[PDB]
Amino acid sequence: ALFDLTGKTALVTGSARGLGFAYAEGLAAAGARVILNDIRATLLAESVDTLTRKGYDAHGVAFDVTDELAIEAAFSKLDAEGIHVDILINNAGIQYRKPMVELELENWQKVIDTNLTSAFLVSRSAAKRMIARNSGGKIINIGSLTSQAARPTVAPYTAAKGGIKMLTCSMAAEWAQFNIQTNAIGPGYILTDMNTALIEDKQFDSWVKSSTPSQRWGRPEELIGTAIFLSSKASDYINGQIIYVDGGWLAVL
């Protein structure tokens, strides 16, 4: 069927918790075997087990998405185990809040590396194998509303996410001919454990509700449909697009 992922294997980076974990559970529910990833082995193992206990075919491979050596070692392990990555979601990346005039280069660099460079490095390894197998493939990059409009105090993130939007186009340009579709999801303001300080702040909550015409935050499960869509046959002729899931935020002045 159109949205069925049975027979496919997905790898989601930074998926021990947060939205990454939600993508992974969501793809599993659509029938994919899923491989979770995080830098912390022990945490990753707990998240893998939680999905296994739900009846999903879940696995974990721990690696630093900024370390090209670790990345290729991970894909070589997967190779040896006969595991083909058909779907990749590049969800890894950090946040750093600081005005630009006060921003340390080291922090700028870490945001760019974990958010933008990581997507190149992981996609490079995954796409090579998709190409070699002639199996086709799906690559989903994670953008942000900041792929389109900036937020003060998160400049390197904003720059990285604008870069992710265009990197998505480059992957379409170079790989679509091999039946690989690379697209992006741009999540709006979503209730996560990480955002909990934002949701708890009455002023910030009011601002979110007045900025999106849906008048509410999104929940992580509301991103699942878009992940499955962009991972399935339903998106075979979609390439280089970013889909914002923001209840209407970017649409409104």
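All residue numbers refer to positions in the sequence shown, first residue = 1.
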| query | Of 238-246 and 16-24, which one has the bigger average CA B-factor? | reply | 16-24
| Which has the higher mean CA temperature factor in the PDB entry, 46-54 or 205-213? | 46-54
| message | Using only the C-alpha B-factors in the record, can you name which of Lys165, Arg129, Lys98, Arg151 has the highest? | response | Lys98
| With respect to the C-alpha temperature factors reported in the PDB entry, which of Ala92, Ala159, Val111, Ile180 ranks highest? | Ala92
| task | State the tercile, meaning the lowest, middle or highest third, of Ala172 with respect to the CA B-factors recorded for its chain. | result | lowest
| message | Considering every modelled residue of the chain and its Cα B-factor in the PDB entry, is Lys138 in the lowest, middle or highest third? | response | lowest
| message | Please place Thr226 in the lowest, middle or highest third of its chain according to the CA B-factor in the PDB entry. | response | lowest
| In terms of the CA temperature factor given in the entry, to which third of its chain does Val252 belong: lowest, middle or highest? | lowest
| remark: Among the modelled residues of its chain, the C-alpha B-factor of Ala70 falls in the third labelled highest
